[PDB]
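Everything below concerns the one structure shown next.
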Amino acid sequence: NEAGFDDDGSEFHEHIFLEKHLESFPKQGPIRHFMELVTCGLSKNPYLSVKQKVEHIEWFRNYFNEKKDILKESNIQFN
Amino acid sequence: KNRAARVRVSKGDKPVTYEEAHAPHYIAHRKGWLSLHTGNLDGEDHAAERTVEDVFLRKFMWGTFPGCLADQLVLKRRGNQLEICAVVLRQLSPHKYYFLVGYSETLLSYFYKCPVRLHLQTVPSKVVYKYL
Amino acid sequence: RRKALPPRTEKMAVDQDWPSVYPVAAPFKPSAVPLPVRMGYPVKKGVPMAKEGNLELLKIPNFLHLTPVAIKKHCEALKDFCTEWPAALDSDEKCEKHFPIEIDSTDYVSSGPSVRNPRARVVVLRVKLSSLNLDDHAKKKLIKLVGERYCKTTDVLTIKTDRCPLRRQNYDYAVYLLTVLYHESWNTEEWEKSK
Amino acid sequence: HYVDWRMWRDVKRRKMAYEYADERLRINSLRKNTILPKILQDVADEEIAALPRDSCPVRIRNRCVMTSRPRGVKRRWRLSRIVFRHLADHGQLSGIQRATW
Amino acid sequence: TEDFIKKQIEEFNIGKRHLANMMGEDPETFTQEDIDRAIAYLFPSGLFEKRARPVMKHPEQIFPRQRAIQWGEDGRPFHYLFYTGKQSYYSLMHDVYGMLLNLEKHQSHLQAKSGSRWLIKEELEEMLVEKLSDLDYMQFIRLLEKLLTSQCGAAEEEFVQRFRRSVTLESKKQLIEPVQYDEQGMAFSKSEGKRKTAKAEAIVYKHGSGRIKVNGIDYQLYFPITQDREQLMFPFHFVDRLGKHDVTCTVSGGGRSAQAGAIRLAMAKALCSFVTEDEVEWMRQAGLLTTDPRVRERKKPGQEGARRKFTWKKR
Amino acid sequence: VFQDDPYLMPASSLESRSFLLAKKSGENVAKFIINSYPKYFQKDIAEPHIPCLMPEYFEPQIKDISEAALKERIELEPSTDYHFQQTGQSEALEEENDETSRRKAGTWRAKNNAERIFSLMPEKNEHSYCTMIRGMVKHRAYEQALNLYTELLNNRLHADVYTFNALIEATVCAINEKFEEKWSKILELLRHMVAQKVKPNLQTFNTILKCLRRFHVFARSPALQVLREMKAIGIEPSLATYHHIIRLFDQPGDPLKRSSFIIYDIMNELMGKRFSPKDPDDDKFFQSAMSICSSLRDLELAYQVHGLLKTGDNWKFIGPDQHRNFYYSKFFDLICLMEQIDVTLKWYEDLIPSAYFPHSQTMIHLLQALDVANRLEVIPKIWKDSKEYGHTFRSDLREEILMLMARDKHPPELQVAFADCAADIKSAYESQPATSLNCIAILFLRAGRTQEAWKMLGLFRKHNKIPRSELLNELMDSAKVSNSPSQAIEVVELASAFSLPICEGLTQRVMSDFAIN
Amino acid sequence: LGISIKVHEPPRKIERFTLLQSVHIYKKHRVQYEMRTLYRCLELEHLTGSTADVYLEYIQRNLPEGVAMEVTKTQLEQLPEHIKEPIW
Amino acid sequence: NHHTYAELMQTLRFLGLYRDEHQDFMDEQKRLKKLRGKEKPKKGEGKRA
Amino acid sequence: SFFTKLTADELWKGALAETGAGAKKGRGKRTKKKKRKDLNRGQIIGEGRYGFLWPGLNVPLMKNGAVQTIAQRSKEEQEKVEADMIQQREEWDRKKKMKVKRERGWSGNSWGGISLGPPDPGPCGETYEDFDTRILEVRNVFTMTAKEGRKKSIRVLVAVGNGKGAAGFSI
RNA sequence: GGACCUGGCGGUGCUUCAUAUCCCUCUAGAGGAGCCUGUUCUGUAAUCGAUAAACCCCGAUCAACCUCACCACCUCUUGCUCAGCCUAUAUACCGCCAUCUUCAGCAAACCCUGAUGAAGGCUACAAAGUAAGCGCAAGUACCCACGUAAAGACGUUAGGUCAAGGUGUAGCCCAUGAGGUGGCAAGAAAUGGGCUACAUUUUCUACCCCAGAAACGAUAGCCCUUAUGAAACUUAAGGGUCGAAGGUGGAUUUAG
DNA sequence: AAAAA
Ligand SMILES: [Mg+2]
Ligand SMILES: [Mg+2]
Ligand SMILES: [Mg+2]
Ligand SMILES: [Mg+2]
Ligand SMILES: [Mg+2]
Ligand SMILES: [Mg+2]
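Residue numbers (PDB author numbering), protein chains in the order written: chain AY, 317 to 395; chain AC, 36 to 167; chain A1, 49 to 243; chain AK, 28 to 128; chain AG, 70 to 183, 196 to 396; chain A4, 88 to 163, 202 to 231, 237 to 562, 572 to 656; chain AH, 102 to 189; chain AZ, 54 to 102; chain AD, 88 to 258.
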């Protein structure tokens, strides 16, 4: 079951450990809780790969940057 | 009356064969199965695609041979080696039979991603069993 | 048009090899095999269906290509590829003390051109935690960190690893998990006084 | 060449739901939460309501692939309960035999 | 007709030669049983009917016994009683009537000078290529009975025994369980039992008190109802042996009554080791050494409980 | 490669050829109908992707380009269209995948296209010279090719071996009465190429040897020297040069075996091992060896061919249909002339059923040798093969089979002989008659059947063709043996009324049969 | 070959499902259908990687057209590189 | 995807490969209905004209 | 959707309906019915409305020791083969409309006076060539049974005769 | 007008049985009551069919906004894969089935008797019957040979369905066709089926009966909350005061 | 309600 199914040769440190995708996010508050939740969700998803997780993180970052006033008025400072 | 696929008993003039002559409840007793694949067991899936491929192959074999066949066709899905083993009548030239066999094999191998080899049987006509 | 040619009935002598006739999985062609096989549903005054046009014989997966002499020749021809099993691994005790790590494989079969299977990407790491440096505090900490996945009777660890669509990556992830587990024996924190 | 419009509409709804699905999944994930600021839920509801229909998975109806029957379809083979029974009685698919007990 | 038979015979023998050559044995020692085994190994027919099996025997079994020709080129039949439909049956009737009158004459002369079973209509019509009815068969059986009741001797005795058969076994007695000794195990014996989906393995001893152990613990904690206690006491009560036999059974599967009956059957079948055969026969004729195949009936798709229908009214 | 049922079993050779051609035509029409509609082969289901699922396209994907579009239309109404497009869109002509293709495919038009591509811009000189040589070799021209090769060699470059091979071919094969001059020119060209530092391949030497052997017939020393030079270059040489040398040596040496031995030694030294691949038709040498062994009754050449065409690989054994038939006929003749009876029959059963059938003369010789040694068992198959091969050879085969059974009567154990005679008579009667009818009548009279003999006599007496004197004498004896000269009188009357030579003798025989019986 | 394997007969399973015999008002008649299948596992012992691969190849070269096959081979290994004194 | 299958069937019918008797019977019935007096309605015949 | 193509014989049976209840009970007329014309006869393997010559399905394969090419017919040949098919179907319709000359006997629709011909020969080897059969009376007999309703029975009186005094009759 | 043959029927006579059938008879249910789901009626613009023993948790093993065949409003006259109907006939079919069917009779080839009329052909101490084939018996599987399941012809009901799926005949595509938004399961009233209980046989607590206690349970409706669903006007579930006839059914019936 | 050199 490995012929034509190498998943772009990506290792397990990029599939499981998603610590390298937490830069423009705070450490306390509901934003960090949501980030931990989505990290736990993506880390236990054997149907997706690293590219899908990167695309999801990029879409979340774009959604957060598009609605900046909402994040400012949500009783938290988006760092 | 549960009129099924069995042959009706009326007047002695229908040259019925041996396949569909039996009752539909004698399949696992006095008959068999035309198709055979792993999709019919517990724990396996993708049976809809197999049934669609089987019915499409049956329609294609019936359309490409308007009367050249006798009864039906036995399917053997050996993972990735399909075999349409059937019979052939003694009415046309062997050149046409070879041409049709080669064309069908090439079409199968270039469409369904599976090589097919035939095993023709020399019979005079339909394998008749009863003149009822 | 029409012709008449003698089949293999008049060609087979008395000492003809069977695998030399049908070396591949043949579906048994009655037009060439002169074996008078008969089966079906007979009647009161008559005979059952013979071999000509017998679809039931074609449905039955015949094993004529599995000739005993052919099996013998194939077994004698594949002796070069076979390695050698050492006598030290015959007993289960030495085989388990010298190789306690077990990695189960998953290789299924399909009926179509595709061989993909999301269920064939899981490994079962069954390592008997009894041939390592398991003391007292380390063993207690490992048991309290595992919970119920580690059996206390047979001492066999069972961890279902299937978080990536590869087997070697699953093995590497299991090795990394075991590494992090064993790191707790040499790297403590500060919550052991309130045990 | 097609003969029925119901199966065509069903397969078109299936295709449009397959194409437009990640956005709906993200909106549904952003909806169901414990705390979370209400403005995010409000804008998610607005975004999921501004999109038209013919894409919701609820609008998908499981029917046969040859007869397009909405009721009495086994998910194993995905077809009506008549053609499958007839093909099984004809003696084609293995295993599917009449229950003799 | 004979040409097709010879063709079938030659095809059969060349097929036997080819099979003996491909198997690797001598064709003379290649018996019909080996032929059937090779055909079953090479042609695995997975069906339920015993007639749809690939066979390759002599054409005498495939083709039925064809009726021979009784007339020649001149036109005169070879048999005397041929212009009457049935020939062999009437010839046998004439022969048995002649034997009857011979026996009557012999009995008159003697007075003046002072395991097996009969044949079957099916077997008779299969042995002799001739069809008959039932009244004539009953008359022939009555004539044979009159022949047997008369004073027979040797010739008529063997003549009436040639039309006889042999019944099978009639003693349905079970096998007596021997005494087994497993590591200092005196009076040790085991048994099984299967009824109402319940499997029990009783271990009857002849050296303890009067208690029953079920899966280690006693039967009081496992059988709180007196019904199971009476069902298990019945076998020990039928033999007048209570406080001198101890058992330790390990039953599994089924409810309380099913497991109780399974243990009862196991004890009944295991007690056939330290007692005579008359006692086990008395136990069998009373209801102990017998199976109880009372299994739950298969529910039908249209009935309430395998018997009662649904709600069928009249209007 | 065919089937297994009797209705499609490859019996003779024409049936196998027809089946193979029908299979090839079916594959071609399948590829055509698949590549005709590219919109039906664009959905890939298998994840590993079988490489046999990508259809080929003949239309360009980028029409805005010029040289790339021309190259895609030509290689990856073709060459001319590409040249017109390049001239219209102002595209430069390259030296690779252009001039060579125009010189090979498109010999005046190809040569003109090559000259135009060479004179269009200042490209490579060696490639232009090779293209000119290839265009001139197919148009009976060698001076221009030699001049181009000399220019490419003197222009501070290394000329390819293809141009030299084409020049040698056009100078030797495309000439008349030349053997020493071609060899001297080839030697001078080789010396010039060695002095100008140029690597020479064995293909050019093989082509030169083939062109030298295809001209003269007494060219043995030069062919041997060319074969030695081609073999002393690297691996095994081509088989075309060896086949040409064998054909040139066997054409002159028909009385002595020295020429045949020299040809066999040259063929073994050039390519005498496994299936060597460096020529365009490796089966030509095997076919020539089989023909030589069948025409000269050689016992060593056939054995060497069977050992070098079957032990190593089954590639250099039979390439064409006629070559396969000739090889089978030669093998049958060798088995009939060397082996006894059982070994010859086993070889014929293992060779004819595995490959194709025989030829004609060798097959007839083998049949005559088998019939002369008392072996009449496969008469029906031989008659069927003779009838399927032609409408005239069947009658000759029937006559040859009946000539050995008409003069022989029925003895104590003559059942097989009588059956063979009856089969031959039936094959001779079912051919569409004089000699064949007389032979059939003699066979029917010598068999023993009275009704068959009477029918044969009635068919021969009504076919406007009387028989020989032996058949008439046998008929008279058979009529007199039953004390009835009516048949003899009728035969004499039919012979005298049909204007035949049996007049006075037939009358005397009838009178003797009537007097004695 | 000299492998000496064992084989037993695990219990079988039968998948059953009830379908309607007609399509209209005929609830009193139902034609049920079963799915009979068997299981026969092979207990192999003492086989290296090359021997197991050759055996799997020889089995797949003679595979029927209506059976399944799942391979669960456990490999032997002492200890990996980083397990005694690793870093992070 | 029944579209590609229908297109392939129509292509084989136009070329004369997949001899489908159903389409032949349909064409026969259409020709009979046209020669009887009930042809296929065209643009400009019915309600307006 | 498009996979609803069944078998041709079933389609013809559904379009004709030979086992109709209106013909076995005398409730309907025999004139009101639908005729059948077969289509699987004059259609060679590999024949369409475009034209593609096959080297094995029509023209001989081995043509002077060479293989023939696979080209496509133009328009004039297509019009010619269409006209040929039109003429063929017209000839078929003409042959299916011509009725044979029924030799009348005593009157119009009456079997009395119609010569059937020589009788059937005996199984022993006796053939009656001098005798000739003649139909005298024909009548349909009905009888109310239990299940078939009005069971129709045909009773014909046929006489035999040769012309030499020896003759007879039978019902 | 008279006479003869067959079928159906006789509240027509005699004879052998009713192994769950009729009572004397044993048990459990349908109109005592409530909830849910259907037939039908009413209002509205809001599918239809079966609607008599053989139809009523039936087509449907899924109807909250496609599924939806109905209606109101807006478009398209290739009208979407150059092709159909979302309209009428199952008194044009193929195909899938029903009480009879809780048994055994019917169709090819001959002969005889009814003066060769429609018809019949049974007498084993035997006066003209032989019968290919069909369905059971014979046969397959499960707990064997018991029992159960699967099967059980030629037909009455122009039986149910062009509404698994496709085909004949009518009318149309400048629609009786197709796409978009919403509504349609609301109540004067009759009727069938499933579940619930109508107290010391019941209810609860841990061990499913060596126990104790309170002289009983499922449903309107209401509030909060939860799995999916873009938004519960209902069929899902959990929590909470109230919690509706209930106190063992008489005109007729069914199975074991 | 008769039979594609
Ligand atoms: Mg039924
Ligand atoms: Mg519509
Ligand atoms: Mg109707
Ligand atoms: Mg039966
Ligand atoms: Mg049944
Ligand atoms: Mg109706």
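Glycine included, C-beta positions come from ideal geometry on N, C-alpha and C.
Work out the CA separation of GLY98 (chain AC) and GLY69 (chain AZ) for me, nearest whole Å. 11 Å
Environment of residue 144 (chain AK) [buried if 16+ CB atoms lie within 10 Å]: Missing from the structure shown is residue 144 (chain AK); chain AK here goes from 28 to 128 and no further.
State yes or no: is the C-beta of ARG537 (chain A4) within less than 8 Å of the C-beta of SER557 (chain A4)? No, Cβ-Cβ distance for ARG537 (chain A4) and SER557 (chain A4) is not below 8 Å.
Within this structure, are the beta carbons of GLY274 (chain AG) and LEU209 (chain AG) separated by less than 8 Å? no
Below 8 Å on C-beta distance, what does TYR29 (chain AK) contact in chain AZ? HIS55, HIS56 and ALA59
Name the DSSP bridge partner or partners of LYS176 (chain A1)? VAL204 (chain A1)
Going residue by residue through the region 120 to 177 of chain AH, where are the continuous beta strand (DSSP E) segments of at least 3 residues, counting only ones entirely within it? 131 to 135
Please determine, among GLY252 (chain AD), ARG189 (chain AD), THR220 (chain AD) and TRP193 (chain AD), the residue with the shortest C-alpha to C-alpha distance to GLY204 (chain AD). Of the listed residues, the one whose Cα sits closest to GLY204 (chain AD) is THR220 (chain AD).
Quick one: list the residues of chain AD neighbouring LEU107 (chain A4), beta-carbon separation under 8 Å, in chain order. What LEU107 (chain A4) touches in chain AD: nothing, since even the nearest Cβ is about 10 Å away.
Exposed or buried, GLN220 (chain AG), counting other C-beta atoms within 10 Å across all chains shown (16 or more means buried)? exposed
At a cut-off of 7 Å, is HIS130 (chain AH) close to ligand 1 when judged by its beta-carbon and the heavy atoms of the ligand? yes
Do you know how far the Cα of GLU643 (chain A4) is from the Cα of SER100 (chain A4)? 52 Å
So which residues on chain AD does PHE146 (chain AC) lean against when the C-beta distance must stay under 8 Å? Within 8 Å Cβ-Cβ: nothing; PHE146 (chain AC) doesn't reach chain AD, min ~17 Å.
Tell me, to the nearest whole angstrom, how far the beta carbon of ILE132 (chain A4) is from that of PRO213 (chain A1); I am working on the premise that it is less than 8 Å. Between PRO213 (chain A1) and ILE132 (chain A4) the Cβ distance is about 19 Å, and since that is not below 8 Å, they are no contact.
Could you check how far apart the C-beta atoms of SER270 (chain AG) and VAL260 (chain AG) are, in whole angstroms? I think they sit under 8 Å. The C-beta distance from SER270 (chain AG) to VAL260 (chain AG) rounds to 7 Å, short enough to meet the 8 Å contact threshold.
Taking a contact to mean a Cβ-Cβ separation below 8 Å, would you say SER359 (chain AY) touches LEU334 (chain AY) in this structure? yes
Under 8 Å between C-beta atoms, does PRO123 (chain AG) make it to chain AH? It does not; no Cβ of chain AH falls within 8 Å.
Contact with chain AD by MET93 (chain AK), beta-carbon distance below 8 Å: Taking Cβ atoms only, chain AD reaches closer than 8 Å to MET93 (chain AK), which makes this a yes.
In its own chain, which residues sit with a C-beta less than 7 Å from the C-beta of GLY101 (chain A1), not counting the 5 before and 5 after it? none
Decide yes or no for the touch test of the region 72 to 80 of chain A1 against the region 75 to 83 of chain AC: beta carbon pairs closer than 8 Å, at least 3 of them. no
Check the Cβ-Cβ distances between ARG123 (chain AD) and every residue of chain AZ, and say whether any is below 8 Å. no
Alpha carbon to alpha carbon, how far is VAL62 (chain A1) from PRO96 (chain AG)? 11 Å
Assigned exposure category for residue 563 (chain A4) - 16 Cβ within 10 Å defines buried: Residue 563 (chain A4) cannot be located in this model; chain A4 continues from 562 straight on to 572.
Applying the criterion that 16 or more other CB atoms from any shown protein chain within 10 Å of the CB defines a buried residue, is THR230 (chain AD) buried or exposed? Exposed, by the Cβ-count rule.
Contact set between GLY102 (chain AC) and chain AD, taken where Cβ atoms lie within less than 9 Å: Those are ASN127, listed as they occur along chain AD.
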